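What follows is one structure encoded as structure tokens, with my remarks underneath.
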Amino acid sequence: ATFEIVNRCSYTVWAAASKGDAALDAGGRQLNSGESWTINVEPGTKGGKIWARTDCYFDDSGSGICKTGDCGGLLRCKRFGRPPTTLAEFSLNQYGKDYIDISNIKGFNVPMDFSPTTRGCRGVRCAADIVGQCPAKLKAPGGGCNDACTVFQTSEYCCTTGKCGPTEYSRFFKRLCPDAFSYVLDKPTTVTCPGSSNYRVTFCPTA
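Residue numbers (the entry's author numbering): 1 to 207.
Written as structure tokens, this is what we have:
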């Protein structure tokens, strides 16, 4: 499947794409304001994620640090990024269907739109100013708004027992972005698409 990753932000982001144990395509790339990056994701990819990283510094060998979403100091991500990261999540060709969602479970750093470029389903978006409105305890110094599990490490926030409820913190993410997952047991906002669809991930879709 093809994913076009577009940076509509006025600032540079470092896009990342991974399935957790491996990079998706190149795994990462710098995207200046307006740049697009087209990637190929193998059919049958389960648990794929796309996210943006902000304020990165990399050397000539692709080793450095990012203030948000850093994946162990690499330009080309093989693993998932450090929170806060707004996440585009997908599982492709799962019994003839594609499953897409936007998640705030690992916090928020950049607004995003995740839409199909082919027919058969609607897109999802989380474009609210979550960073500006972020509760004081969830504010990440490097920028972004952390989820409560990352900050507090409790059974309730992390849904460790598989029995958790919404919280004051998850309600905040849900209020600003109803179409994104706000906690592990949130009522799914997953979108079902025909198998082998193509997509566009847009960072800062409005501004």
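Beta carbons are placed, not taken as given, at the ideal position from N, Cα and C, and that holds for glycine.
Linking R175 to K106 through their CA atoms gives a straight-line distance of about 16 Å. Bridge pairing for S115: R200 [DSSP]. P84 counts as buried, since no fewer than 16 other beta carbons sit within 10 angstroms of its beta carbon. Rounded to the nearest angstrom, the gap between the Cα atoms of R125 and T189 is 11 Å.
Put simply, the backbone Cα of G142 is about 15 Å away from that of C71. A straight line joining the alpha-carbon of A136 with that of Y157 spans about 17 Å.
Proximity to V6 across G27, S33, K19 peaks at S33, based on C-alpha coordinates. Contact check between the stretch 63-82 and the stretch 8-23: three or more CB pairs, one atom from each, fall below 8 Å, which counts as touching. In the DSSP annotation of this structure, the continuous segment of the alpha helix (DSSP H) that includes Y157 starts and ends at 155-158.
Restricting attention to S61, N109, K97, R82, the CA atom closest to the CA of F203 is found in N109. Proximity of the stretch 41-52 to the stretch 82-101 meets the contact definition, three or more beta-carbon pairs being nearer than 8 Å. For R79, there is no enclosing alpha helix (DSSP H), as DSSP marks it with neither H nor E.
As DSSP reads the structure, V124 sits in a beta bridge with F114. Residue environment analysis places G27 among the buried positions, since at least 16 neighbouring C-beta atoms fall within 10 angstroms of its C-beta. The bridge partners DSSP lists for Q94 are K97. In this structure, the beta-carbon distance from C121 to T192 falls below 8 Å. Rounded to the nearest whole angstrom, the C-alpha separation of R119 and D98 is 12 Å.
In the structure shown, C56 adopts extended strand secondary structure according to DSSP, grouped into three states. Annotation for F173: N104, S182 place their beta carbon closer than 6 Å to its own, counting only its chain and skipping 5 residues before and after. Separation of the CB atoms of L92 and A148 is rounded to 30 Å, and the pair is thereby denied contact status at 8 Å.
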